[PDB]
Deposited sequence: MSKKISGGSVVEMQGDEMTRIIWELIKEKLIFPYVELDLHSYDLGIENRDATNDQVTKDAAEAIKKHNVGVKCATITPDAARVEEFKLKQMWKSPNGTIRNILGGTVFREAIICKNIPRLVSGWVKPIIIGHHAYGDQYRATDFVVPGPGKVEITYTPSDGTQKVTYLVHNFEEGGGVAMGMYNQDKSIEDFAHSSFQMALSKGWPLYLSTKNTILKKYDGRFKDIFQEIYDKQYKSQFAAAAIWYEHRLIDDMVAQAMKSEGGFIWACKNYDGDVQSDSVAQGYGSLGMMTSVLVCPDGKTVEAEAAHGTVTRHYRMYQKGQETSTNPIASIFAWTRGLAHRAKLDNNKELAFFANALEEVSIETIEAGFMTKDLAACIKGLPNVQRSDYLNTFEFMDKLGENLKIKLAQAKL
């Protein structure tokens, strides 16, 4: 009687996001869907026990089945190394998975009509992605004690040098970088595939720098792959591609209506943080998806962390108000991609239905505390203005069952 969903790689997480992960699976997914679920436990304890092998196994699983949904994990530091008595300070799992699959991360904010945004003029979505390290890119730096010269060199592997400074007085710091064309091509392919997947135009952002020969490369690569492999595909989808230099891109974007993909490029180390900033809107309403340049493999993930403070409240038995939208949308976007790969329209209908239910619920006046403060301001919110974690999950469950019952008339 349930829907046959297919094969999905699951990755479990830590702390509060773990609690809510199991809530979602028990209340919103399994009652209506039957899955071929390949579950990997990326909790800090298990990762320590397997010496981080479980992370790699999960990554390869995603490489095999093309669909992965991940719960927020912990990136250990010294403090954590003490808390759990870890063997090593284990690397961030997100970076490992990303390095294995080789895609690009794109982040998005879920829009509700009664939730104010950073710019009031924004109506439509905005989806942002950065070209970060990993790769096939890498870099290095070091300090310089005193007078000397720093020079760069290149030794061809098949049978055969510049200068950056010959300074005299004073010390300093030197740095060198390399960037394969492959990472540029993968970044471009992933961007185009994302814009086609969403049906929005694509803008590429770039700085004006002294590194001219390097600046022109991103240009010519994006533009060429476009002219050769996506011109007509974009024509048929009524979307387009353009380049902007970021100084203009930011201003123009701030007085646009939204509705575009933003591929951000800084001609240096951008790195890829596990989470997005903090002051651009509620983090519970922000998602991320890792898209590979082949357009077939996808990893869905909440764009925030494990919410440690709330977990501390939960351990001591106190009332929490944690926003589950981002994780829910990890599940719904994963399942949606599954449906596209399988041409399973039941699954697609269910996923879009669950997203509609979440947005409708919040817009009807039922929300967690973070959104209530987002409306009024935290020094003005009262208890009657919001619902706790479990209350909100129950509300979502009710409204979902209702919508599905209506659809079956």
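**Q** Numbered from 1 along the deposited sequence, what ranges are absent from the coordinates?
**A** Deposited residues absent from the model fall in 1-2, 163-165.
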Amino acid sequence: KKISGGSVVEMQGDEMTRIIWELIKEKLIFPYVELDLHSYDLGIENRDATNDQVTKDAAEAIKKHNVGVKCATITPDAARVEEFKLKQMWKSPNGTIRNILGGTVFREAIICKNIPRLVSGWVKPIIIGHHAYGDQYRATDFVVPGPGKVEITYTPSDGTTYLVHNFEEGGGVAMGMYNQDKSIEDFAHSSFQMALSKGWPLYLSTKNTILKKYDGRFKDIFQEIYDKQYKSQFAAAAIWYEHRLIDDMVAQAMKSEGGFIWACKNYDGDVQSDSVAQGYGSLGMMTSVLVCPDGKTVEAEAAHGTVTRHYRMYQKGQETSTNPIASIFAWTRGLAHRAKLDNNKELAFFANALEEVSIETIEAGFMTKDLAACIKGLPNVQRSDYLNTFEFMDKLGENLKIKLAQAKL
From here on, numbers count along this sequence of modelled residues.
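**Q** Name the higher of the two by mean Cα B-factor in the PDB entry, 261-269 versus 299-307.
**A** Going by the record's values, the stretch with the higher mean is 261-269.
**Q** Taking only the CA atoms, which stretch has the higher mean B-factor in the record, 142-150 or 220-228?
**A** Comparing 142-150 with 220-228, the higher mean C-alpha B-factor belongs to 142-150.
**Q** With respect to the C-alpha temperature factors reported in the PDB entry, which of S321, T209, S327, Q193 ranks highest?
**A** Each of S321, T209, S327, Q193 was compared by C-alpha B-factor; the highest is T209.
**Q** Taking the values straight from the PDB record, which of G43, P379, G365, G68 has the highest C-alpha temperature factor?
**A** By C-alpha B-factor in the record, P379 ranks first.
**Q** Within this chain's modelled residues, let me know which third the CA B factor of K2 belongs to: lowest, middle or highest.
**A** It falls in the middle third of the chain.
**Q** Going by what the PDB entry lists, where does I74 fall on CA B-factor within its chain: lowest, middle or highest third?
**A** Lowest third.
**Q** Rank-wise, by C-alpha B-factor, drop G279 into the lowest, middle or highest third of its chain.
**A** Its C-alpha B-factor belongs to the highest third of this chain's values.
**Q** Should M177 be placed in the lowest, middle or highest third of its chain by the C-alpha B factor in the entry?
**A** Highest third - that is where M177 ends up once the chain's C-alpha B-factors are sorted.
**Q** Lowest, middle or highest third: which one holds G103 when the chain's residues are ordered by CA B-factor from the entry?
**A** CA B-factor rank for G103: middle third.
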